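Remarks on the structure that follows.
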There are 2 protein chains.
Amino acid sequence: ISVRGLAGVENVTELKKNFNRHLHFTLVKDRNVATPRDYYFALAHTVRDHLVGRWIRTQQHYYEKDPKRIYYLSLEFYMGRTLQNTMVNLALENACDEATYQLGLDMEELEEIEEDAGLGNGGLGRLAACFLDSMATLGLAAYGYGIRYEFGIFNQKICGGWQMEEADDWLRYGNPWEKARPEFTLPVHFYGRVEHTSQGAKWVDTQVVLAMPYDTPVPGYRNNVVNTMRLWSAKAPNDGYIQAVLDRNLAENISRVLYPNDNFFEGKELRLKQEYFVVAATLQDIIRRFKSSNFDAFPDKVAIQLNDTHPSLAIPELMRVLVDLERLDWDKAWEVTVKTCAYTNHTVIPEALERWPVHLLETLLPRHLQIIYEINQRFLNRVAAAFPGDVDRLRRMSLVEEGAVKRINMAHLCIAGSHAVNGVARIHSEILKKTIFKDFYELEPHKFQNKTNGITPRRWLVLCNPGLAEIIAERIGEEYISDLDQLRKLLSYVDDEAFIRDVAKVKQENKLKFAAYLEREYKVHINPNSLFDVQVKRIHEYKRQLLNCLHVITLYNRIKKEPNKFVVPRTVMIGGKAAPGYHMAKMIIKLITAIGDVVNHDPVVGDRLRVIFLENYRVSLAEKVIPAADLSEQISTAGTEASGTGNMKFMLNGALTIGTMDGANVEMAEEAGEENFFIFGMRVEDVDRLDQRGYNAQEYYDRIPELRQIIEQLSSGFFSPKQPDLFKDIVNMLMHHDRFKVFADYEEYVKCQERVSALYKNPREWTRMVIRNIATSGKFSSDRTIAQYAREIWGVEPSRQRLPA
Amino acid sequence: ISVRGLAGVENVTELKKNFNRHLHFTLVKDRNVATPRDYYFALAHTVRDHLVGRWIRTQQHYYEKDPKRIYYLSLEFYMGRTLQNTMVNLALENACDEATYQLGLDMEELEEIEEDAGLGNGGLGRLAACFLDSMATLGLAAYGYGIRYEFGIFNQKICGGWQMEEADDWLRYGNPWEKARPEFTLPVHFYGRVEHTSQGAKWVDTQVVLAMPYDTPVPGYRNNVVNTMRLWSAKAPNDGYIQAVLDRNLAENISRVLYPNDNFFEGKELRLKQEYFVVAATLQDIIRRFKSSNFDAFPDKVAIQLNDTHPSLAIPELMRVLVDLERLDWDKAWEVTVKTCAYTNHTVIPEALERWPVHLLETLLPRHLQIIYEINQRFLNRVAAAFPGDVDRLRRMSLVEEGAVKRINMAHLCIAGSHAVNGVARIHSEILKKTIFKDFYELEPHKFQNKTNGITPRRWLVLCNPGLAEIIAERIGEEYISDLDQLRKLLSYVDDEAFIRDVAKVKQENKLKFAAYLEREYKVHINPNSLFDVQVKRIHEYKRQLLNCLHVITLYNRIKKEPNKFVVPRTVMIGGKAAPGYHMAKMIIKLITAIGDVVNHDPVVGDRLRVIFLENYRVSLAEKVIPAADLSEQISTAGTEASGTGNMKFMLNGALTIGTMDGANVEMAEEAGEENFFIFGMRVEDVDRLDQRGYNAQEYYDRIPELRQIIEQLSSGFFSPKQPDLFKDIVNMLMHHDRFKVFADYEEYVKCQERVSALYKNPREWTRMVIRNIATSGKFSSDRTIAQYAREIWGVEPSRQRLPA
Ligand SMILES: O=C(NC(=O)c1ccc(O)cc1)N[C@@H]1O[C@H](CO)[C@@H](O)[C@H](O)[C@H]1O
Ligand SMILES: O=C(NC(=O)c1ccc(O)cc1)N[C@@H]1O[C@H](CO)[C@@H](O)[C@H](O)[C@H]1O
Ligand SMILES: O=c1[nH]cnc2c1ncn2[C@@H]1O[C@H](COP(=O)(O)O)[C@@H](O)[C@H]1O
Ligand SMILES: O=c1[nH]cnc2c1ncn2[C@@H]1O[C@H](COP(=O)(O)O)[C@@H](O)[C@H]1O
Ligand SMILES: *Cc1c(COP(=O)(O)O)cnc(C)c1O
Ligand SMILES: *Cc1c(COP(=O)(O)O)cnc(C)c1O
């Protein structure tokens, strides 16, 4: 396979000797006692060595050229594994494959040993990861800044059909990719009081926590650029004896674990400490670099992108430093701050928005609270001048929300202090301007933008689906890997009998590969000839895994009704983690496994229908299941999924999509053509009209016999014999308080699914439609997304120019 | 200097290239941004590389030959720095010195960057360190097993003349010498209950803590042998969500910090957990290795040495495994256990002996308590049979002590379960048999032995005093470095005018070197021509730093009395850490600094007398001050210092000794000749006669005018103007409840000190006496000590044979 680079004779010879050198000197092992894990580490260190030279000169280059620096602040970076990605970007895959083969090792086996760097929950964290890859590939002087959690997203275990959370001790065996930089440790302050003396305010009597950075290299695609992702780790200062030392933990707990609540905002103190910790340490680094290049030029040399409101404290912290430390006057500092910061929103659902209780900020960050009040005061004076007499607008736009307990709306703070605010899909960005942020849009229209999300074609095509990447390259070259729009050239092959056959062959190979994996590491057997129907993403009511469940039960009931009637065989796979304290989400997981227990053991069904719950869904599993999927389920209620990115991964890998006109689904259908998409359900307008009228689920239950039967089955204990009322909460929610209108889209969903089965019966036409999707997936490359951020927000020009080394 | 090895052309060339390779690939740095610390690490990794090959084959060799293995269990390993020691033992010092010189670096400057591995309190921990060096040098298949404390002995800061404790974060910048071995992690159990079912007892419902090993290489002196020191680190098993993860700390606190109480036993639960933790993990390793070589041969392949009673749980744990797990019958298991274990005692003072409350063992280690009761039962049945009717002997020898709260005497447990029990100096070993362990000696005389302590001549001569090592080698060769008895050949040079001059020259150079250091890193100026009077060791009442203080004040008062009378100039240095909760010890430190504040600023005294308190005494400081000392203070009350080892370090480095006939001082004087030692004070017999009579301090106060004046000065606030009664506790203790009879040895001490000053006035005779001490210090090499342990206790023969690589 040519897209994996050349396997030169002296290159292979060099890799082999460095492999054995590391096994000996680095790992300190005998070839007679080395285990597969030891071999993985020897390979990792060998590949890491190749990154060093490039990493050192890339950073040296930025010091010389002194270009504008882009700082991407995120509390999450869902990186996954690093070995194969590094080989791919350095063009070392075939060489390492040959070198290891000659040493009597299977590189694929070694790659499976690496732990995932799961420092994220899902979409938001993975977007940050794809963005880092694209920024390096486009030659931007970019830095990713976050927290080095000792424990990432929990490993999910399914016990008795229930989710069990297990600590993700990903650093147990060490992390060969990172480099600790203790010499660059910085002070972060907490608590204390604010002294107001003759010349300015002073924040004193604070407790100090040190921030120690760990740097991880981020290689661009074959351009010799290697940027940095710097993650901070918490350390206690060195200044009963025993208890005093043991209490050092308290300070170090700040970077101990990733918060897994991606659905409901909880104003926990530890989370606020994490947010300030990353912001305070990062900003000192930014200013340091700047002073080594008049803060008037600060915005010309620095761009700070806030991934959601999680790092929003960057705004008042920048003000604190400029005003309290650098001594700039307020107006000047505010000008600099606004021109430097930009904010990206990822959801319109209210329960996820950060609204911190004032009493918490009052105790932990007294000076920042004062700064926020001043910002609010000046901002509202602006609103009052623009909309005289509109007192209600004043209360609505305030950064401070009154009521039971006063809270600070962090989204309002971000809009006021950013020169750009963006949604992540066209429909989402429009909804922001028409609803949630309407008042702000009317005040400052120029600030609102759209930047449709994307995914990196390196990890999501070349790395996880080499077979498809190869057959594509055979016909249009390899240039598309860094210019995905070139995939449009494949439309001229839609009638090519050879190509149609190859596309279908690779998909079949991926399905057999995954079906085998399912038995090896999970002992479950599936029919490779069935349609692989998959929905993988975090469990949320808005994502409607429940609607999928209703269809599965419908299919099952129809079979029990007419057993000898032919139906297209299906393997329905659903996977995803539920936030620990999200009761309903945990009940849905139990429902899925319960359905499987019934369906998978019914003799009449045979191998015509299988329901499997994919355990511990994470980046490394996504790389395995996505290339094997036939049907991608993207069925969120219209207006709820900001963008979605998994949808893009499926489109690029040869799966057809069944979904609502929500998030990026709208743009995907626009690019490929609605005829090549399985669209169904209410549009956003329909949802609003239903809300005006009032959603009454009982209506659908009374008019749809098939739906009624399912609800009765759930209620009577058909799927829970030993515990008849096990799913009472689910039924109760669907019937009386379903914010996401599951029943409203049921009929159209089922009908649409029938059209999917009909097309699958015609192999040739199914594949031709697949080609039309792959061919038009170009717009969804994160390289396109990053280019827009660069030109329209950060003010820099991307570069595909190879670096000097 | 020839004893530093050869600096070959291609050897130097190789070191240089590997140095730059590590700076680039390992540290990931620019030569334009590298700091001294970066250079130190590059050098360390370069030297470490040379250890690897030898380390791997040494361990491979033991697997092949399968010799009897020696396991040295200690909760303390006071290692100090590792770089220079490694170079010395590998004969790479001159080569590295040349290589670094050519790179434009000063190797001495780089060596000062390394942190000390301070995993010990003092003598006991440092003995373990010297023992590891000697066992490797003598070719024994030995393993050091302990705990990898994240925080070693605290760094001592002197604030306002008071000791302040600062956490010793020695791993902050990383430890290049160790190699984590997560793949060899083992389970350690705590709490739980004991089930008694049909076939044997069962320990169930326990809480598990994992023990992760870290291995550090221990190189022998130029024999290519590299043994291992394996230190265990505590890890929590992976099986509110957030709080559950944060609570993992609780389990990991076991290996967090070294207990600094080397004076008073405190039955703290955390300390007991540490003791079992090291024992449980170590024993699994021992058995594993054994089964890979009938437990009847266990004692022929394994020897376990217990450094004090700290790891005494090894006895009942070995029984637990043999009986409960391997299913051996009690008597057989006990036979194996006794033949495998040996115990070393380090003190006769009662407050330091471990006597664990039964209720603590009952909760934490229920099965071990049962085993201890059974051991006690069977042991006492033996005593009853040997001494029929002696009921009092029964209560005295019991492992269980009655009273307020029942406790387990760990020393009694060690004697019952060991085939050998030894003291650490002849006088100490005799005292054990006549007093503290008299009953046990009468029951089993064959178990009691003596093994006089020693120090390694590599670190304590070659490494810290190259100048002296060189002038010695010039005349008798270099063979003495691994056969210290050869120093006796120097007696033929006692009248050699050339040698006398060189010995005196090196001492003068060391004093100027130390005097300079005192100003550089401490800004205090001293007179290099004065007699360097030094007492460095942990602060304890029994060590009598107070007696030294009384002499200093006496000297000061005599000068104020006759200012224009000539007196031999002196620089009195006292250093050492005080256990955190040892009030009296902390008061003595304050007293020393207070005396300095007065004496050091008195115009009349001039540079005739200076009192300096050496801050943060530790191994690296000992290596600096000892070679610069003229007079070694070893003045413990006769019968209290088991052996002492600092005394041996001073003797080997050209200092004369003033001390009591206590511990090893007795043997040192015997070897060098009493005429070449400044002996004074009560012998052990005198102390007992005084106790019979009753020690009344008032008697000395009334009969000695000079002493009375000092006490009155302390009481009146002469040394504490602002706080007149600051030292009331000290005076009160000296006058009414001094267990160590400070006043009783005052007169003889002062008189002896006068004879010291008299000899110092005759440079030539002082030096000749010095030569007689150095020449007879051979017996105190730890190589001699280890050879005796090997032959008389472990049953193995030492070997000076170079290894094959
Ligand atoms: O993944 C998240 N959000 C979180 O994971 C999250 C984590 C911690 C929180 O406190 C709140 C949300 N949002 C997701 O970010 C993706 C990239 O823009 C979008 O495509 C998805 O539509 C959106 O739901
Ligand atoms: O150093 C100690 N003891 C401790 O450091 C200690 C540490 C923790 C404890 O719980 C009790 C004692 N003992 C010392 O061990 C040396 C080597 O045998 C002897 O030469 C000294 O005379 C003796 O006092
Ligand atoms: O003062 C300096 N002199 C020379 N090079 C420097 C200096 N400061 C930074 N650099 C270079 O710039 C890189 C960027 O470091 P950073 O951005 O501060 O982490 C460093 O690794 C050096 O190559
Ligand atoms: O099963 C085995 N086969 C070959 N060599 C072994 C085996 N077990 C241990 N060794 C060798 O013995 C050394 C001792 O390992 P340890 O004493 O168990 O830590 C290992 O590094 C290997 O060189
Ligand atoms: C791409 C990805 C996501 C986001 O999926 P959506 O379906 O857009 O919610 C979540 N988790 C993982 C591991 C991913 O790879
Ligand atoms: C040798 C040594 C000791 C033991 O000294 P003694 O005088 O025998 O108590 C204590 N601390 C350090 C750092 C040592 O090097």
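Identifiers in the structure tokens: chain A, B, ... in order shown; residue index from 1 per chain; ligand index from 1 in order shown.
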
- Task: Please provide the set of residues having any atom within 12 Å of region 772-774 of chain A, restricted to only C-alpha atoms, with same-chain residues fewer than 5 positions apart removed, written as a ChimeraX atom specification.
- Result: /A:457,461,468-469,472,484-495,500,503,647-657,668-678,765-767,779-781

Output C-alpha atoms of each residue in that selection to a file, as a tab-separated table (two decimals), in the first residue's frame.
```
chain	number	residue	atom	x	y	z
A	457	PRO	CA	-8.61	13.20	7.12
A	461	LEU	CA	-9.37	8.13	6.70
A	468	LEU	CA	-10.22	2.97	1.15
A	469	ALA	CA	-7.43	5.54	1.11
A	472	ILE	CA	-8.86	6.33	-3.87
A	484	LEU	CA	-9.85	16.85	0.73
A	485	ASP	CA	-11.83	18.84	-1.84
A	486	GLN	CA	-10.05	16.74	-4.46
A	487	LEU	CA	-12.34	13.86	-3.56
A	488	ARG	CA	-14.87	15.52	-5.85
A	489	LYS	CA	-12.87	14.03	-8.71
A	490	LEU	CA	-14.37	10.67	-7.72
A	491	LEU	CA	-17.80	11.58	-9.13
A	492	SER	CA	-16.38	10.72	-12.54
A	493	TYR	CA	-16.01	7.14	-11.30
A	494	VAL	CA	-19.58	6.67	-10.07
A	495	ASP	CA	-20.29	4.53	-13.14
A	500	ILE	CA	-17.73	0.30	-7.60
A	503	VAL	CA	-15.33	0.39	-2.82
A	647	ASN	CA	-21.57	12.19	11.25
A	648	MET	CA	-18.63	13.48	9.19
A	649	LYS	CA	-16.44	10.49	10.07
A	650	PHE	CA	-19.08	8.03	8.78
A	651	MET	CA	-19.58	9.97	5.54
A	652	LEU	CA	-15.86	9.88	4.78
A	653	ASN	CA	-15.72	6.13	5.39
A	654	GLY	CA	-18.44	4.81	3.10
A	655	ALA	CA	-21.56	4.70	5.25
A	656	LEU	CA	-24.90	6.20	4.22
A	657	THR	CA	-26.66	8.54	6.65
A	668	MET	CA	-23.75	17.24	4.48
A	669	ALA	CA	-27.05	16.66	2.63
A	670	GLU	CA	-26.53	19.94	0.77
A	671	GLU	CA	-23.09	18.83	-0.41
A	672	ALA	CA	-24.01	15.27	-1.41
A	673	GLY	CA	-27.53	16.03	-2.59
A	674	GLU	CA	-30.70	15.28	-0.65
A	675	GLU	CA	-31.40	12.30	-2.92
A	676	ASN	CA	-28.24	10.64	-1.58
A	677	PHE	CA	-29.22	11.14	2.05
A	678	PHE	CA	-31.95	9.51	4.14
A	765	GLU	CA	-27.02	1.18	-6.28
A	766	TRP	CA	-26.17	1.29	-2.58
A	767	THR	CA	-22.48	1.53	-3.47
A	779	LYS	CA	-15.97	20.34	2.86
A	780	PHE	CA	-15.81	18.57	6.20
A	781	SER	CA	-12.05	18.39	6.49
```

- Task: Residues within 8 Å of ligand 2, counting only C-alpha atoms and all ligand atoms: report them as a count of residues only.
- Result: 35

- Tell me which protein, DNA and RNA residues are within 8 Å of region 164-181 of chain B, counting only C-alpha atoms, leaving out same-chain ones fewer than 4 positions away, and put them as a VMD selection string. (chain A and resid 27 182 to 183 238 to 239 241 245) or (chain B and resid 41 44 to 45 48 82 115 to 117 150 to 159 185 212 to 217 580)

Could you please take those selected residues and save N, CA, C and O atoms as a short mmCIF file (atom, residue, chain, number, x, y, z; two decimals), in the first residue's frame?
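Saved result, out-v3.cif, follows:
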```
data_model
loop_
_atom_site.label_atom_id
_atom_site.label_comp_id
_atom_site.auth_asym_id
_atom_site.auth_seq_id
_atom_site.Cartn_x
_atom_site.Cartn_y
_atom_site.Cartn_z
N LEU A 27 14.61 0.68 27.93
CA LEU A 27 13.75 -0.22 28.69
C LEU A 27 14.53 -1.12 29.64
O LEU A 27 13.96 -1.65 30.60
N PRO A 182 9.71 20.62 34.24
CA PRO A 182 9.66 21.19 35.60
C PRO A 182 10.35 22.54 35.74
O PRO A 182 10.00 23.33 36.61
N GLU A 183 11.32 22.82 34.87
CA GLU A 183 12.03 24.08 34.95
C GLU A 183 11.16 25.28 34.57
O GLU A 183 11.51 26.42 34.85
N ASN A 238 6.73 23.62 48.21
CA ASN A 238 7.42 22.85 49.25
C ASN A 238 7.38 23.51 50.62
O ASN A 238 7.67 22.86 51.63
N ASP A 239 7.03 24.79 50.66
CA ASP A 239 6.96 25.52 51.92
C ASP A 239 5.53 25.55 52.43
O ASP A 239 5.18 24.85 53.38
N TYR A 241 3.90 17.17 61.33
CA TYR A 241 4.78 17.17 60.16
C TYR A 241 4.25 16.24 59.08
O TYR A 241 4.09 16.64 57.93
N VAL A 245 2.68 17.05 55.05
CA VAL A 245 3.16 16.51 53.79
C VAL A 245 2.03 15.78 53.07
O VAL A 245 1.87 15.91 51.85
N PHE B 41 21.82 16.35 33.70
CA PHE B 41 21.03 15.21 33.26
C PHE B 41 21.61 14.51 32.04
O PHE B 41 21.53 13.29 31.93
N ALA B 44 24.35 12.41 33.40
CA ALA B 44 23.80 11.28 34.15
C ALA B 44 23.31 10.17 33.23
O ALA B 44 23.60 8.99 33.47
N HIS B 45 22.56 10.52 32.19
CA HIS B 45 22.06 9.50 31.28
C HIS B 45 23.21 8.82 30.54
O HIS B 45 23.16 7.62 30.26
N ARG B 48 24.72 6.44 33.02
CA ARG B 48 23.75 5.38 33.25
C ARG B 48 23.83 4.33 32.14
O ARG B 48 23.74 3.13 32.40
N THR B 82 24.31 9.85 43.37
CA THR B 82 24.73 8.66 42.65
C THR B 82 25.72 8.81 41.50
O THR B 82 26.45 7.87 41.18
N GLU B 115 20.23 15.93 43.33
CA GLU B 115 19.62 15.92 44.66
C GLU B 115 20.09 14.67 45.39
O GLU B 115 20.45 13.67 44.76
N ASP B 116 20.10 14.71 46.71
CA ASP B 116 20.47 13.52 47.48
C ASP B 116 19.25 12.62 47.54
O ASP B 116 18.12 13.10 47.59
N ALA B 117 19.47 11.31 47.53
CA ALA B 117 18.36 10.39 47.68
C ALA B 117 18.39 10.21 49.20
O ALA B 117 19.11 9.36 49.72
N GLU B 150 8.16 9.33 48.37
CA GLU B 150 8.12 10.46 47.46
C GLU B 150 8.83 11.63 48.12
O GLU B 150 9.37 12.49 47.44
N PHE B 151 8.82 11.64 49.45
CA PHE B 151 9.48 12.68 50.23
C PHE B 151 10.43 12.03 51.25
O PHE B 151 9.99 11.28 52.11
N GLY B 152 11.72 12.31 51.13
CA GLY B 152 12.68 11.73 52.06
C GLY B 152 12.79 12.56 53.32
O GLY B 152 11.85 13.25 53.69
N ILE B 153 13.94 12.50 53.98
CA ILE B 153 14.13 13.28 55.20
C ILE B 153 13.99 14.76 54.84
O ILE B 153 14.55 15.23 53.85
N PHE B 154 13.23 15.50 55.64
CA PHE B 154 12.99 16.92 55.41
C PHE B 154 14.24 17.77 55.28
O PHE B 154 15.28 17.46 55.87
N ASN B 155 14.15 18.84 54.50
CA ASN B 155 15.26 19.76 54.37
C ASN B 155 15.13 20.67 55.58
O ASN B 155 14.03 21.13 55.90
N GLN B 156 16.24 20.91 56.25
CA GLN B 156 16.25 21.75 57.44
C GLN B 156 16.60 23.20 57.14
O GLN B 156 17.64 23.49 56.54
N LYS B 157 15.73 24.10 57.56
CA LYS B 157 15.95 25.53 57.39
C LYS B 157 16.08 26.09 58.81
O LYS B 157 15.36 25.66 59.71
N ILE B 158 17.01 27.02 59.01
CA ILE B 158 17.18 27.64 60.32
C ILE B 158 16.62 29.06 60.25
O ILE B 158 17.18 29.92 59.57
N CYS B 159 15.49 29.28 60.92
CA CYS B 159 14.85 30.59 60.94
C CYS B 159 14.84 31.14 62.35
O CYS B 159 14.25 30.55 63.26
N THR B 185 4.08 -5.31 39.27
CA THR B 185 3.29 -4.85 40.41
C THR B 185 2.64 -6.05 41.14
O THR B 185 2.22 -7.01 40.49
N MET B 212 4.18 -1.24 43.41
CA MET B 212 4.88 -1.12 42.14
C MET B 212 6.36 -0.93 42.40
O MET B 212 6.77 0.02 43.07
N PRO B 213 7.20 -1.81 41.84
CA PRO B 213 8.64 -1.68 42.07
C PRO B 213 9.39 -0.75 41.13
O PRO B 213 9.03 -0.60 39.96
N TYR B 214 10.41 -0.11 41.69
CA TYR B 214 11.31 0.77 40.94
C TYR B 214 12.69 0.21 41.24
O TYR B 214 13.05 0.08 42.41
N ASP B 215 13.46 -0.11 40.21
CA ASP B 215 14.79 -0.68 40.43
C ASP B 215 15.91 0.33 40.19
O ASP B 215 15.89 1.08 39.22
N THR B 216 16.89 0.33 41.09
CA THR B 216 18.04 1.21 40.98
C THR B 216 19.30 0.34 40.97
O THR B 216 19.45 -0.55 41.79
N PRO B 217 20.21 0.59 40.02
CA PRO B 217 21.45 -0.21 39.95
C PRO B 217 22.44 0.11 41.07
O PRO B 217 22.58 1.25 41.49
N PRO B 580 11.16 16.13 64.24
CA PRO B 580 10.08 17.12 64.36
C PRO B 580 9.41 17.30 65.72
O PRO B 580 9.17 18.43 66.14
#
```

- Which residues, written as a PyMOL selection string, have at least one atom at most 12 Å from residue 564 (chain B), with only C-alpha atoms counted and residues fewer than 4 positions away on the same chain left out? chain B and resi 558-560+604-606+608

- Contacts with ligand 3 at most 12 Å, only C-alpha atoms and all ligand atoms counted, listed as a ChimeraX atom specification: /A:52-67,69,71,141-143,181,183-185,213-215,227-230,282,284-293 /B:24,27-35

For region 111-114 of chain A, please output as a PDB file with N, CA, C and O atoms, in the first residue's frame all residues within 8 Å (counting only C-alpha atoms; exclusion window: fewer than 5 positions along the same chain).
```pdb
ATOM      1  N   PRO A  36       5.240  -8.188  24.672  1.00  0.00           N
ATOM      2  CA  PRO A  36       4.708  -7.319  23.624  1.00  0.00           C
ATOM      3  C   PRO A  36       4.707  -5.845  24.038  1.00  0.00           C
ATOM      4  O   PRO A  36       4.985  -4.975  23.221  1.00  0.00           O
ATOM      5  N   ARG A  37       4.405  -5.562  25.305  1.00  0.00           N
ATOM      6  CA  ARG A  37       4.387  -4.171  25.758  1.00  0.00           C
ATOM      7  C   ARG A  37       5.768  -3.543  25.662  1.00  0.00           C
ATOM      8  O   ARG A  37       5.901  -2.368  25.320  1.00  0.00           O
ATOM      9  N   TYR A  40       6.308  -2.572  22.141  1.00  0.00           N
ATOM     10  CA  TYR A  40       5.568  -1.372  21.789  1.00  0.00           C
ATOM     11  C   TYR A  40       6.384  -0.149  22.226  1.00  0.00           C
ATOM     12  O   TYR A  40       6.602   0.774  21.443  1.00  0.00           O
ATOM     13  N   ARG A  81      -4.818   7.374  20.502  1.00  0.00           N
ATOM     14  CA  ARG A  81      -3.436   6.886  20.432  1.00  0.00           C
ATOM     15  C   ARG A  81      -2.574   7.784  19.546  1.00  0.00           C
ATOM     16  O   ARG A  81      -3.086   8.453  18.646  1.00  0.00           O
ATOM     17  N   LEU A  83       0.979   6.691  18.313  1.00  0.00           N
ATOM     18  CA  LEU A  83       1.963   5.992  17.485  1.00  0.00           C
ATOM     19  C   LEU A  83       1.702   5.958  15.989  1.00  0.00           C
ATOM     20  O   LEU A  83       2.499   6.467  15.208  1.00  0.00           O
ATOM     21  N   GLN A  84       0.579   5.375  15.585  1.00  0.00           N
ATOM     22  CA  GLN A  84       0.289   5.289  14.158  1.00  0.00           C
ATOM     23  C   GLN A  84       0.143   6.668  13.533  1.00  0.00           C
ATOM     24  O   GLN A  84       0.623   6.910  12.427  1.00  0.00           O
TER      25      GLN A  84
END
```

- Nearest to chain A among B:46, B:376, B:418, B:198, with distances taken over only C-alpha atoms: which residue is it?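 Result for the nearest residue to chain A: B:46.
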
- Query: Quick one: residues within 8 Å of region 313-327 of chain B, only C-alpha atoms counted, chain neighbours fewer than 5 positions away excluded, as a list in words?
  - Reply: residues 200, 201, 202, 275, 276, 279, 280, 283, 333, 334, 337, 341, 367, 368, 371, 372, 414 and 417 of chain B

- Message: If we count only C-alpha atoms and set the cut-off at 9 Å, which residues sit around region 513-521 of chain A, ignoring sequence neighbours fewer than 3 positions away in its own chain? Please answer as a ChimeraX atom specification.
- Response: /A:508-510,524-528,624-625,627-628

Selection export as a compact mmCIF listing (two decimals), in the first residue's frame, atoms kept: N, CA, C and O atoms:
```txt
# COMPACT_ATOMS: atom_id res chain seq x y z
N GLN A 508 -16.50 -4.50 2.74
CA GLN A 508 -16.71 -5.88 3.17
C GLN A 508 -15.54 -6.36 4.03
O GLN A 508 -15.74 -7.06 5.02
N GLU A 509 -14.33 -6.00 3.63
CA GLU A 509 -13.15 -6.40 4.39
C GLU A 509 -13.16 -5.78 5.78
O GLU A 509 -12.81 -6.44 6.77
N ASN A 510 -13.56 -4.51 5.87
CA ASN A 510 -13.62 -3.83 7.16
C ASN A 510 -14.66 -4.47 8.08
O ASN A 510 -14.45 -4.57 9.28
N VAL A 524 -18.66 -12.38 20.92
CA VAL A 524 -20.02 -12.17 20.47
C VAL A 524 -19.83 -12.43 18.99
O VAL A 524 -18.82 -12.04 18.40
N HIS A 525 -20.77 -13.13 18.37
CA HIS A 525 -20.66 -13.45 16.96
C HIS A 525 -21.73 -12.72 16.15
O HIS A 525 -22.90 -12.68 16.55
N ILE A 526 -21.34 -12.13 15.03
CA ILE A 526 -22.30 -11.41 14.20
C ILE A 526 -22.19 -11.83 12.74
O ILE A 526 -21.17 -12.36 12.31
N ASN A 527 -23.26 -11.59 11.98
CA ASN A 527 -23.30 -11.94 10.56
C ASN A 527 -22.76 -10.80 9.69
O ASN A 527 -23.43 -9.78 9.51
N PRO A 528 -21.55 -10.96 9.14
CA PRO A 528 -20.86 -9.99 8.29
C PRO A 528 -21.63 -9.58 7.03
O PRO A 528 -21.30 -8.58 6.40
N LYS A 624 -12.17 1.73 14.72
CA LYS A 624 -12.46 0.37 14.28
C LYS A 624 -13.88 0.19 13.73
O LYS A 624 -14.07 -0.42 12.68
N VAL A 625 -14.87 0.72 14.44
CA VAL A 625 -16.25 0.55 14.01
C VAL A 625 -16.72 1.44 12.87
O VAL A 625 -17.49 0.99 12.02
N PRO A 627 -15.15 2.57 10.11
CA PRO A 627 -14.87 2.07 8.75
C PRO A 627 -15.72 0.85 8.37
O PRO A 627 -15.85 0.51 7.19
N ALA A 628 -16.30 0.20 9.37
CA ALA A 628 -17.11 -0.99 9.13
C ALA A 628 -18.62 -0.73 9.05
O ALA A 628 -19.40 -1.65 8.82
```

- Query: Which of these, A:737, A:683, A:148, A:538, has the shortest distance to ligand 5 once you count only C-alpha atoms and all ligand atoms?
  - Reply: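 Nearest candidate to ligand 5 out of A:737, A:683, A:148, A:538: A:538.
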